[PDB]
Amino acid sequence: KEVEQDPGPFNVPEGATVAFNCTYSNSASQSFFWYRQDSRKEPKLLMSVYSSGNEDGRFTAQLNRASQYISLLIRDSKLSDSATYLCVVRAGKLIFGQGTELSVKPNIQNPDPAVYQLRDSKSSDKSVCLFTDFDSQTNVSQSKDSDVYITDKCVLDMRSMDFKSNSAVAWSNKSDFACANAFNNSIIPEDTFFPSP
């Protein structure tokens, strides 16, 4: 208790605006802050929240001492904004909320999703199925099997081509699964192209 905060994750399109609200319980509170924390490093200040309500700059934070809540508004989202946001209230000795994660998702112009098969250097062959390109709506999840490891999607940016694309990876000991029956337990697109030879 003491300090509650927007729970589950905000997953929004790059350009949307986002709203965070935090409610404290003690009226005596003296100062209020919004902190930003990339995963998984350190809380770096973001906003000092004042009763006067803020102005600059793209970000906006206000205090409502009466209703005992502070707010944060991020207009015109950006990938970089993707983090966990922290409510801090100086209740005599400063309380920290457990924060709300924001994952700004980029838009893929031409989504031609696929699942290729990279082969190990050195030797052994092993196996890695690469799911990449797909649009930010596609959502990747675990596998029914435990010996098949699956990583959550991951955005990638080639600076000198302003080209960004999503990416997800899954692997398992030569059991021997293929890159066609990989993410069987996830909701893949209807146009996923599978190369075999």
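Position 1 is the first residue in the sequence shown; the rest follow in order.
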Mean C-alpha temperature factor, higher of 25-33 and 141-149: 141-149
Comparing 160-168 with 39-47, the one whose average Cα B-factor in the PDB entry is higher: 160-168
Most elevated Cα B-factor in the entry, residues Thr84, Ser121, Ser71, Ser80: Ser121
CA B-factor ranking of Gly8, expressed as a third of its chain: middle
Ranked against its chain, the third holding the CA B-factor of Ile187: middle
For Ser127, the third of its chain into which the C-alpha B factor falls: highest
Chain-wide C-alpha B factor ranking for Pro106, given as lowest, middle or highest third: middle
Third of chain Cα B-factors occupied by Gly99: lowest
